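Enquirer: piece number one of the complex, untouched:
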Amino acid sequence: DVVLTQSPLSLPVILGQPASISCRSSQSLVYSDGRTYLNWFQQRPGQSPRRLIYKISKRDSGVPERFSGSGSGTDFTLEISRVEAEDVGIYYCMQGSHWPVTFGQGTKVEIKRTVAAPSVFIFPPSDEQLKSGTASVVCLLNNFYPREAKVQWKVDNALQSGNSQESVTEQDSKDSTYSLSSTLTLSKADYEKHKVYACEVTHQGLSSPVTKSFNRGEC
């Protein structure tokens, strides 16, 4: 097959700046009829691909004019003259000139913005869940930037490892921030055998680690 190589694979951009995606084909892309069938797609989280550019440089009807395609031979380029927040997501090039259709591996466009600090919340196990035999302690980091953040768990001030899973949202289409949850999972037994539950949070926006904690037994 043709191999389409995209670069950079992750493209951080200050809002309002130019941004450029490359697509290097391992082959020329001119079909026997003389035409180059190269497309660009944008894909937003949990959404189907939206066609931005077709035949190297033609823009579809919906598409703002800050998007443009160009190139020939084996290098092609997608080009966002003025990046906006809505433009975060994954962009794919796609060649159709040689069987079979192949996609690039996709470039993620992320916004570079000012450092914002995580608002931390902690939630105890619900009493409904304790009635079944498991305790989920949920620790929430809201609306922060950049993405990197460490959540440590402590039970009666003993550090925990191997019993918490993280989940992080995609970059917000409006304010360009992330959010992260950490869930600590324990048996009913162990949860009832301990008093103080804390999640410590380190992050650039935090001059010192924020800790939120509660005590079992309506705190």
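Expert: Okay, I see it. Residues are numbered from 1 along each chain as shown, chains lettered A, B, ... in the order given.

Enquirer: my read is residue A:31 is in a strand, agree?
Expert: No. Looking at residue A:31 with DSSP: H, G, I helix; E, B strand; the rest coil, it is coil, so not inside a strand.

Enquirer: give me the nearest residue to it, chain neighbours excluded.
Expert: Nearest non-adjacent residue to residue A:31, counting by C-beta to C-beta, 6 or more residues apart in numbering: residue A:97, 4.2 Å away. C-beta coordinates here come from the backbone N, C-alpha and C atoms, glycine included.

Enquirer: look up how far residue A:29 lies from the one you found.
Expert: To residue A:29, residue A:97 is 4 Å away according to C-beta to C-beta, to the nearest Å.

Enquirer: now do residue A:101
Expert: 12 Å.

Enquirer: what's the overlap in contacts for these two?
Expert: residue A:95 (C-beta atoms under 8 Å, 6 or more residues apart in numbering).

Enquirer: report the central residue of chain A.
Expert: residue A:170 (3.5 Å; C-alpha atoms, centre = their mean).

Enquirer: does it count as helix, strand or coil?
Expert: coil.

Enquirer: who are the contact partners of it?
Expert: Contacts of residue A:170 (C-beta under 8 Å, 6+ apart): A:45, A:88, A:178.

Enquirer: among those residues, name the buried ones.
Expert: A:88, A:178 (16 or more other C-beta atoms under 10 Å).

Enquirer: among the contacts of residue A:170, which one sits closest to residue A:65?
Expert: Among the contacts of residue A:170, residue A:88 lies closest to residue A:65 (C-beta to C-beta), at 18.8 Å.

Enquirer: is it correct that the closest one is in contact with residue A:111?
Expert: Yes. Between residue A:88 and residue A:111 there is a contact under C-beta atoms under 8 Å: 5.8 Å.

Enquirer: element containing residue A:190, please.
Expert: According to DSSP states H and E, residue A:190 maps onto helix A:188-192.

Enquirer: returning to what we had before: where do the contact lists of residue A:97 and residue A:29 overlap?
Expert: Common neighbours of residue A:97 and residue A:29 (C-beta under 8 Å, 6+ apart) are A:2, A:36-38.

Enquirer: next up, chain B:
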Amino acid sequence: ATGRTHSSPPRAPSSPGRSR
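Expert: Following on from the chains above, chain B is added here:
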């Protein structure tokens, strides 16, 4: 025309002729 007068996109694999 630098290529063919009307477009004819490949929607099927190529099937070369190797026989009489």
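
Enquirer: once more for the contacts of residue A:170, now including chain B?
Expert: A:45, A:88, A:178 (C-beta atoms under 8 Å, 6 or more residues apart in numbering or on different chains).

Enquirer: export those to TSV and append columns for secondary structure and distance to residue A:59.
Expert: Output for the contacts of residue A:170, formatted as TSV (DSSP: H, G, I helix; E, B strand; the rest coil; distance: C-beta to C-beta, whole Å):
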residue	secondary structure	distance to residue A:59
A:45	coil	23
A:88	coil	20
A:178	strand	31
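
Enquirer: can I get the residues you listed in TSV with distance to chain B?
Expert: Below are the contacts of residue A:170 laid out as TSV (distance: C-beta to the nearest C-beta, whole Å):
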residue	distance to chain B
A:45	31
A:88	32
A:178	41
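
Enquirer: next, count neighbours for the residue of chain A found nearest chain B.
Expert: Closest contact between chain A and chain B, by C-beta to the nearest C-beta, is at residue A:34 (1.3 Å). Per other C-beta atoms under 10 Å in any protein chain shown, the neighbour tally for residue A:34 reads 13.

Enquirer: before we move on, the earlier item: the helix holding residue A:190: which residues count as buried?
Expert: residue A:191 (16 or more other C-beta atoms under 10 Å in any protein chain shown).

Enquirer: strands paired with the helix or strand following it, and their directions?
Expert: Remark: after helix A:188-192, the chain's next helix or strand is strand A:196-202, criterion DSSP H and E. If you go by DSSP bridges, strand A:196-202 pairs up with strand A:150-155 (antiparallel), strand A:210-215 (antiparallel).

Enquirer: contact partners of strand A:196-202?
Expert: The set of residues external to strand A:196-202 that reach it, using C-beta under 8 Å, 6+ apart, is A:118, A:120, A:122, A:124, A:137, A:139, A:141, A:149-157, A:182, A:184, A:209-216.

Enquirer: what parts of chain A come near chain B?
Expert: Applying C-beta under 8 Å from any C-beta of the partner chain, we find that chain A lies next to chain B at A:30-35, A:37, A:96-100.

Enquirer: now, of those residues, which are buried?
Expert: Burial by neighbour count, judged by 16+ other C-beta under 10 Å, picks out A:30-31, A:35, A:37, A:96-98 from those.

Enquirer: put this one in as chain C:
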Amino acid sequence: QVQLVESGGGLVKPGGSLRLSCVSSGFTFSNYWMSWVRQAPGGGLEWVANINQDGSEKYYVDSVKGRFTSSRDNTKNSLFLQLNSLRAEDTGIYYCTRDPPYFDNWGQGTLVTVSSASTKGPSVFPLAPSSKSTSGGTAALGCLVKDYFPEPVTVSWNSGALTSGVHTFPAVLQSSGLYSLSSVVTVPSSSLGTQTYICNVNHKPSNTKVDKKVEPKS
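Expert: Following on from the chains above, chain C is added here:
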């Protein structure tokens, strides 16, 4: 306006079968080649199948030849994909698309899971808001949707009325082979007694539909 509406995806054992459906509207369906394109999880797009206007030409990517057959019914505006001998790597979102290689319009996707595990509905537990949310500040409240299989679950708040401030996280696979997510929402502390907060948790694989009220605990 061109619409491609897909259906038929779900959980199926290795070696089993499943039938994807695409129903279109807004255009002359019989004028177009149609095409299926799949997206492996956290993954790239892969072309899968082509089918000409009347069904007499059907082409498939190599990894699926002999296992998938496309079909279409032009009087019903309908395009199908019959999946057979499914493998672990056939997992992903399957997209209906119009007119390769232009691909100008895409269906909304339909998720296919190839797994031995069997369906299981979620549990919905309230994440109740901290008793010590600032006097005139922000309070966070939420919903833990736990131990379900397979994906997707959909979580809305107040039947779609509460919309800003909502964060539904990506599902996470636990060591028990089941999925779990939380959905949170930040709201004025002033309204915690005033406004009622219901999280609508839909999980169609198991036909689970839950409305859980999230309230200050005391």
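
Enquirer: revisit the buried residues of helix A:188-192 given that chain C is now included?
Expert: Neighbour-count burial for helix A:188-192, counted by 16+ other C-beta under 10 Å, picks out residue A:191.

Enquirer: that helix: how far from the chain's middle?
Expert: 35 Å (C-alpha atoms, centre = their mean, to the nearest Å).

Enquirer: measure stretch C:31-42 end to end?
Expert: 34 Å (C-alpha to C-alpha, to the nearest Å).

Enquirer: what's the burial count for the closest residue to residue C:83 other than its chain neighbours?
Expert: In space, and not counting its chain neighbours, residue C:83 is closest to residue C:18: 4.8 Å by C-beta to C-beta, 6 or more residues apart in numbering or on different chains. By other C-beta under 10 Å, the residues close to residue C:18 number 20.

Enquirer: which residues touch the closest residue to residue C:45 other than its chain neighbours?
Expert: Nearest residue to residue C:45 in three dimensions, chain neighbours excluded: residue A:103, at 4.3 Å (C-beta to C-beta, 6+ apart). If a contact means C-beta under 8 Å, 6+ apart, then residue A:103 has A:4, A:92-94, C:44-47 as its contacts.

Enquirer: hang on, isn't the residue nearest to residue C:83 packed against residue C:68?
Expert: No. In this structure residue C:18 lies outside contact range of residue C:68 using C-beta under 8 Å: 10.5 Å.

Enquirer: between the two, which contacts overlap?
Expert: Common neighbours of residue C:18 and residue C:68 (C-beta under 8 Å, 6+ apart) are residue C:83.

Enquirer: how about the residue most central in space within chain C, nearest residue that isn't a chain neighbour?
Expert: The centre of chain C sits closest to residue C:152, judged by C-alpha atoms, centre = their mean, with a distance of 4.7 Å. Leaving out its chain neighbours, the residue that sits closest to residue C:152 by C-beta to C-beta, 6+ apart is residue C:111, at 6.3 Å.

Enquirer: just the element for the one you found, please.
Expert: With DSSP H and E as the test, residue C:111 turns up in strand C:110-114.

Enquirer: now that strand, how far from the centre of its chain.
Expert: With C-alpha atoms, centre = their mean, you get 9 Å for strand C:110-114.
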